[PDB]
């Protein structure tokens, strides 16, 4: 309040722990007066593939299809497919984008990778060049809220998975920061599946709690040294 929040949510099951974290993010920010929108990608059957159907009407060059060039020209000429233009308007208006997802292979599920390949297009997200700290979406906050199968200890620098910031890098720096976002600190709920149940309700409530002061937070100093450095 008086802010707009988009939650991009990527889980198949409403009773999941991811559902719960999305449902408290809605409740708590609703409570505070914020304007809230949720893109439930599985329930929308969101199309993850970057293809020629993403451009309506006719293309610059049907001899050799280049996806980046074509989507860029289609953004400028307002001829993107409507699923994409709908998401862009939500992002455009949002002051905070929250991504709520289970970690798949040290990254986002494919349905959410496709939202990012398709919606964050050239002309809207960034414009080769006019990027990083000057990316087209500067002023907006972005926040990853990730659940993991693996425990907190596995995600340290000398444990099996290496350090959490290592996988964060393509998402946080290569995507969010590249587009102009200022990135709040990931929220990582480590290993909900191996409960309890008690410790679940508490991970959830720390999420609720943190969202009480979300607007006070400072953005991470988005650098190579934050993700890897000493």
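Note that the rigid core is defined as the largest set of C-alphas that superpose within 1.5 Å between two forms. Residue numbers count along the first chain shown, from 1.
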| property | result |
| --- | --- |
| Stretch with larger C-alpha RMS deviation in 8 other deposited structures of this protein, core superposed, 107-115 versus 127-135 | 127-135 |
| Greatest C-alpha divergence in 8 other deposited structures of this protein once each structure is fitted on the rigid core, 194-202 or 176-184 | 194-202 |
| Higher-B stretch (mean Cα B-factor, as the entry records it), 106-114 or 129-137 | 129-137 |
| Segment of higher mean CA temperature factor, 159-167 or 38-46 | 159-167 |
| Highest-ranked of 186, 62, 68, 180 once sorted by CA temperature factor in the record | 62 |
| Where the record places residue 26 (Cα B-factor, split into thirds across the chain) | lowest |
| Within-chain third of residue 88 by Cα B-factor, per the entry | lowest |
| Chain thirds of CA B-factor: placement of residue 82 | middle |
| Residue 33 - Cα temperature factor, lowest/middle/highest third of chain | lowest |
| B-factor third for the C-alpha atom of residue 222 within its chain | highest |
